[PDB]
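Okay, so here's just one chain, in structure tokens, the form deposited in one PDB entry.
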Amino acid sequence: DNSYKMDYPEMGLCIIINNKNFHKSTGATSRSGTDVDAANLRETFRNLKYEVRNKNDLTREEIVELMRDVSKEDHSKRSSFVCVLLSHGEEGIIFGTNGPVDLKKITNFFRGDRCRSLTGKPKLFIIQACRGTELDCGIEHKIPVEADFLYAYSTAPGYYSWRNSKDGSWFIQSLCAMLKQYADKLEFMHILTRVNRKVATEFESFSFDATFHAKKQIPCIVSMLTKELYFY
């Protein structure tokens, strides 16, 4: 009982929310490259035997409604749950196309006490979004209702997250590459640790604006998991 039971009939759902175009009410730029991410993730998690559902350009209301409905599904025959959020963000916040919603409001639907068919099962939230506007200039009988969550953030608290308009975001590029290479070899925390190194070492921003040039990024693994997670 050191690792999660992953031999249920189904690996589980993978919900990908891909927000590219934002209403005028929010400002918010079109997120060029995010479709590359969404496609890469769909294929990556398809290969991991997840039931992938792609959603594009959802309002904050639609996001909350989708998460509510998904949490009310019967997950009894599923090993796990994965949600990927691709959007603008701020600390603690993801953007619907029409404005901010608290990440806490989204993840609460899957609390151990609120979604019983996922109790004791790993619930993974993968978040490509800024968590602020700092730049990294670089150098050189019961269980808790909050247990069994993993939040794989693209960036450290307080910081921007980088997205390339042609290649996709640094984090999702790296996450898919490391999953493809190591999902049949490494435990998930060790996969994510490789992702951290890849993002930290192989990417550096290029900008005509000196303020945004030569900047770096480190992702941020937040684990409330109680067991090891293997995809094989």
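Quick note: we count residues from 1 along the sequence shown, nothing fancier.
The stretch with the higher mean CA B factor, choosing between 61-69 and 41-49, is 61-69. When the two stretches 141-149 and 87-95 are set side by side, the higher mean Cα temperature factor goes to 141-149. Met178: CA B factor in the middle third of modelled residues in this chain (values from the PDB entry). When the CA B factors of the chain's modelled residues are split into thirds, the value for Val199 lands in the lowest one. Sorting the modelled residues of the chain by their CA temperature factor places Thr211 in the highest third. Compared with the other modelled residues of the chain, the Cα B-factor recorded for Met6 ranks in the highest third.
Among all modelled residues in this chain, the alpha-carbon of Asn18 has a temperature factor (C-alpha) in the middle third.
The form solved in complex with a partner chain is left out here; the points below concern that form.
The shortest heavy atom separation between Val52 and the partner chain in the deposited bound form is within 4.5 Å.
Mapping the unseen interface onto this chain, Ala39 counts among the residues with a heavy atom inside 4.5 Å of the partner chain in the deposited bound form.
Although the partner is absent from this view, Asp35 contacts the partner chain in the deposited bound form, with a non-hydrogen atom inside 4.5 angstroms.
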